[PDB]
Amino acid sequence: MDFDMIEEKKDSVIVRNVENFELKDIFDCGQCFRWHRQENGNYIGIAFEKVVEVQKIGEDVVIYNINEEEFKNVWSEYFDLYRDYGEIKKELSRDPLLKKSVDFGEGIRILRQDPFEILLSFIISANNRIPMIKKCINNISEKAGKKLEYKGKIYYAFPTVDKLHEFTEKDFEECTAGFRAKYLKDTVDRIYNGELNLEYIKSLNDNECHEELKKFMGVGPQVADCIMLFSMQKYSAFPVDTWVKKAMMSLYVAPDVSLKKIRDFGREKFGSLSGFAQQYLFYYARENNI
C-alpha cells in the first residue's frame, strides 16, 4: 500500500507516509468531474453521497469530513491506496517513450469511482469540453440529488437511479446535456428496468465488460474504456480520445491510423497497465497542449 498508518481526528483522518499522491495530478488528470481546487490548494469533492476535502502537507494527506470507519470501507479504496504506484511507474518507465509523461504526472492515482455516476458522466463527455461536462454533472445533481452540508455551503450528491429515472429528455437538456440528453434518458431507463446490470458488468473480465458497456446508447469504445477503467478497475482499458490520439501519434503511430488501431496498439504494448499508461499520456498531452 502507498501509506503506512492513519490517525483519526475529531473532524478528519490523517493518512501518514503517503507516496505517489499529488492533488493536482489526481484531480485534474481528466478522470473526475466533481473535485474543485480551493484557493489554498486543497480540493473539495462530492462522491458516494459525501462531501470530502483533501489537503496534502509534506508526506501526509488530511481527509476532512470522514472518520476511520469511512476511510477503511470507502475512501482508502477510492484513492486506490492499496496499490503500489511505484511499481507501476517503474514498469512503464522502462519504455523511454513513456518516461516524460510518467515524470510529469508522478502523483497520479486512478480513483475507484461509482459505476452509475461514471456511466452517465462519460456519456456526457463525448465530443465535449471538461468545463461543460462538470457543469452538466453538477446541474443534474442540483436538480435531483440529496442535500449535503459542509462549511456553510449546500452541496448536492449525485442522484439515485430512482430519482434520475424521473428525468425527461427535456430535463437533461435543461441541465445542458445537449444532444446527449436522449442517450442519458435511454441509459437510465435500461438501468432502472434491469436490462443492463452494472454490478454484473463490473464482475466481467476486461474484454467482456467493455462489450457490455457499449450496449448503452452514447457509449462507444472510448467512453466504454473510461467507464471500466474509472469505475470497474479494468486496467487493460486504453481510452483513445483526442488527447491520447495526439500523444500516440507523437510517439508510436502514424497520423493516418484509426482510433481502433491506436487502441489495439496501446493495449497490446502496455497490457494490464494500459489504463495507467493512458492516464499519464492524457495528462501530459492536455496540460502541455501538444
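In this text, residue numbers run from 1 along the sequence as written.
Tell me which stretch, 40 to 48 or 237 to 245, has the higher mean Cα B-factor listed in the entry.
Looking at the record's C-alpha B-factors, the answer is 40 to 48.
For the C-alpha atoms alone, is the average B factor greater in 263 to 271 or in 7 to 15, going by the entry?
Comparing 7 to 15 with 263 to 271, the higher mean C-alpha B-factor belongs to 7 to 15.
Tell me which of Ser101, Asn205, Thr176, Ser141 tops the list for C-alpha B factor in the record.
So the option with the highest C-alpha B-factor is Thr176.
Between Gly107, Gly220, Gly194, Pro159, which carries the biggest CA temperature factor in the record?
Each of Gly107, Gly220, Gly194, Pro159 was compared by C-alpha B-factor; the highest is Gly194.
Against its chain's modelled residues, does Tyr252's Cα B factor rank lowest, middle or highest third?
Middle third by C-alpha B-factor.
Hey, what third does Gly145 fall into on Cα B-factor, ranked over its chain?
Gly145: CA B-factor falls in the middle third of its chain.
Splitting the chain's C-alpha B-factors into thirds, which one does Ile154 fall into?
Ranked within chain, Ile154 CA B lands in the highest tercile.
If you rank the chain by CA B-factor, which third does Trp35 end up in: lowest, middle or highest?
According to the entry, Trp35 has a C-alpha B-factor in the chain's middle third.
What third of its chain's C-alpha B-factors does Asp28 belong to: lowest, middle or highest?
As the PDB entry reports it, the C-alpha B-factor of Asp28 lands in the middle third of its chain.
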